[PDB]
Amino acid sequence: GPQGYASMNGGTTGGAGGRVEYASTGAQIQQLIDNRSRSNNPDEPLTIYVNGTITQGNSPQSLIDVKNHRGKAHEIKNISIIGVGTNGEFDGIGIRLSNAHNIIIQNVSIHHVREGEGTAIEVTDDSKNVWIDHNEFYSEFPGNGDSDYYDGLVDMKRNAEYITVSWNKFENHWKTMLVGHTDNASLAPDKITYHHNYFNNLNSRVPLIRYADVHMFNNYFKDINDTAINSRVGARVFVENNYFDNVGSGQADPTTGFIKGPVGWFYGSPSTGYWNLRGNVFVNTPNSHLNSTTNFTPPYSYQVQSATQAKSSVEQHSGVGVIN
């Protein structure tokens, strides 16, 4: 199971120990979710193995709607969506978790998502205990030069909490990852762990964090054009044993004055977030300015490699076709 925050609050097992299904179209995926929700046992664990290319053309809605059929006020629970080999592909259609609890999304590629929310995985409406593991997410960068043509790769909003994002590749994208969509503390997600991810050839938002407590360890950040970790409005991010290579423009942010780099306060929001920095390695990545502004340490046990050991493990084992 997951390390970090998704292991808390009862842990995350997704759809282990229940029904198993294969799907090759978005219609089959959506029908499985909706059929279960209408059944006499809506919470029975369900694992859907994705073997084929899920598209707009083969799906009944513009996104894959992991939401209780009655509406987002009610929980949906205990699902795993797992790709088969290198064949679990979502091309131009993303997944939305709304008030979804105990969910695993693993070994899939989700890419070029413009329609729907325009984001590969959106975690929203008080979803909790979600493990996003060993996936590949991408679009284009610079692509056609429009940062908004595609939206996010993995975004969290509206009080989503206890989430671990691990062993994924995020590549070729403008607005990579958001935690909290607006400066509204009452809607802020919280308690997110990112570890062993490959963040490569991205413009910004790695992640954009508002309010939340976040732990980022053992990730490999590479070729990030503008800024990486952006900590805003009282966020606390413990940035631990990550490897950064060519990350940040080095320019003074025209709004906050902060040097654009691996971690800081950039672009907006009325007040800064905080960071606790330990054991990171910075290659061609501005860092002479950088000191810890919080002592924040996450409440869970975990294992953590050196930054250089993490770089190598991420290179070898992140992304799809590894766990299946």
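When you see a residue number, it is the position in the sequence shown, counting from 1.
So 310-318 or 10-18, which one's hotter by mean CA B-factor in the entry?
Per the PDB entry, the higher value belongs to 10-18.
Can you tell me which stretch has the higher mean Cα B-factor, 209-217 or 147-155?
Higher of the two, by average CA B-factor, is 147-155.
When you compare the CA B-factors of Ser62, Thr294, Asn68, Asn284 as listed in the entry, which one comes out on top?
Comparing C-alpha B-factors across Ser62, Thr294, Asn68, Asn284, the top value belongs to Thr294.
Among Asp245, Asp133, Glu136, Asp91, which carries the highest Cα B-factor?
Most elevated C-alpha B-factor of the set, per the entry: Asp91.
For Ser39, does the deposited CA B-factor place it in the lowest, middle or highest third of the chain?
Answer is highest: the recorded C-alpha B-factor places it there.
Sorting the chain's CA B-factors, does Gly180 end up in the lowest, middle or highest third?
It falls in the bottom third of the chain.
Sorting the chain's modelled residues by C-alpha B-factor, tell me whether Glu171 ends up in the lowest, middle or highest third.
As the PDB entry reports it, the C-alpha B-factor of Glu171 lands in the lowest third of its chain.
Divide the modelled residues of the chain into thirds by Cα B-factor and specify which third, lowest, middle or highest, holds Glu75.
Answer is highest: the recorded C-alpha B-factor places it there.
Using the temperature factors of the C-alpha atoms in this entry, rank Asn230 within its chain: lowest, middle or highest third.
Its C-alpha B-factor, which the entry lists for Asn230, ranks in the lowest third among residues of this chain.
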